[PDB]
Amino acid sequence: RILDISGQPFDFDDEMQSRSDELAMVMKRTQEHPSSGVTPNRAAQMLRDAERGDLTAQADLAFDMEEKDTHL
Amino acid sequence: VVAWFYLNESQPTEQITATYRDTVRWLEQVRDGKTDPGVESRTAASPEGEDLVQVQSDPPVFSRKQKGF
């Protein structure tokens with residue numbers, strides 16, 4: 001068994017975690033664009049949700065900002 | 001009223017002439033849009049009419065309904 005950096009032994013698997021058949025469904029995603037009609041309340045709600053561990057709407061919003069804004 | 005005034009052309013009385021004048025004044029007021037002709041009593045329905053006010057312009061790009069930017 002391969003020893004982890006923390007010192008806890010484990011088993012090494014060469015196959016990716018995303019290659020599992022059950023995980024294949026969640027791999028395909030539709031990239032929504034929440035930057036259409038932005039509202040300060042909407043942005044605040046997205047940030048609040050990302051604080052608790054959502055991390056999805058914030059990621060899509062950041063992707064939209066990095067392409068819509070030329071200076072950024 | 002106006003037909004009766006038309007018939008009494010040989011000699012019109014004061015009241016007939018006054019009623020005809022009031023009727024034509026009401027008709028001019030209706031034409032100018034200062035008063036509504038009304039609707040039939042059997043059911044609420046006003047006569048159809050053409051568009052008194054009409055404006056024309058090209059399609060409004062960059063409007064707030066775009067929501068694409």
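Every number in this text was worked out from the coordinates using simple rules, so none of it is lab data. Neighbour counts are summed over all protein chains in view; Cβ atoms, including those assigned to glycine, are modelled from backbone coordinates with ideal geometry.
Calculated FRET efficiency, A:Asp60 to A:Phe10, Cβ-Cβ distance, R0 = 30 Å: about 0.30 to the nearest 0.05. Rounded to the nearest 10 degrees, the inclination of helix A:57-68 to the longest alpha-carbon principal axis of chain A is 60 degrees. Return the whole-Å distance between the Cα centroid of chain A and the Cα centroid of the range B:1-33. If you average the Cα positions of each part, the centres end up 83 Å apart. A Förster radius of 41 Å, combined with the Cβ-Cβ distance separating B:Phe62 from B:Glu28, puts the computed FRET efficiency at roughly 0.35.
Between helix B:14-32 and chain B, what is the angle of the helix's C-alpha long axis to the longest principal axis, kept within 0 to 90° and rounded to the nearest 10? Rounded to the nearest ten degrees, it is 10. Most fluctuating residue of B:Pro37, B:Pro12, B:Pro59 in a GNM of chain B with Cα springs under 10 Å: which is it? Maximum fluctuation in the GNM of chain B, among the listed residues, is at B:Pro59.
Take every residue in peptide A:36-44, count the Cβ atoms of other chains within 10 Å of its Cβ, and give the average of those counts.
Mean partner shielding for this stretch: 1.
The residues neighbouring B:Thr13, those whose beta-carbon lies less than 15 Å from its own, together hold a net charge of -2 under the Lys/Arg +1, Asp/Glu -1 convention.
What percent do you get for the relative contact order of chain A when only Cα pairs under 8 Å and 6+ apart count? All intermediate terms of the calculation are to be shown ahead of the outcome.
Values: 35 pairs, mean separation 14.9, N = 72.
It comes to 21 percent, rounded to a whole number.
With each label point set 7 Å from Cα along the Cα-Cβ vector, what nm distance links B:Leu52 and A:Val38? The two pseudo-label positions are separated by 4.7 nm.
If each Cα of chain A is one equal point scatterer, what is log10 of I(q)/I(0) from the Debye formula at q = 0.15, 0.16, 0.17 Å⁻¹? The calculated log intensity ratios at q = 0.15, 0.16, 0.17 Å⁻¹ are -0.75, -0.78, -0.81.
With the simple model of a label 7 Å out from the Cα in the direction of the Cβ, B:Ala44 to A:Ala50 spans 5.3 nm. When the alpha-carbon atoms of the protein assembly as shown are used, the pair Rg, Dmax equals 38.8, 127 angstrom.
Return the inverse of the average 1/r over all pairs of distinct C-alpha atoms in chain B, which is the Kirkwood hydrodynamic radius, in Å to one decimal. Show your work: numbers first, answer last.
Working: mean 1/r = 0.0588 Å⁻¹.
Answer for chain B: a Kirkwood hydrodynamic radius of 17.0 Å.
Each residue of the range B:46-58 was assigned a 3J(HN,Hα) from its phi angle through the Karplus expression (A = 6.51, B = -1.76, C = 1.60, θ = phi - 60°), giving 9, x, 6, x, 6, 6, 5, 10, 8, 10, 9, 7, 6 Hz with x at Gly and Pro. Which trypsin sites (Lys or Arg not before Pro) from the range A:1-68 combine a DSSP loop assignment with at most 11 other Cβ atoms within 10 Å? Here the trypsin sites (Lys or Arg not before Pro) that fit, given the DSSP loop and packing criteria, are A:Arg1, A:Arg19, A:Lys28, A:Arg29.
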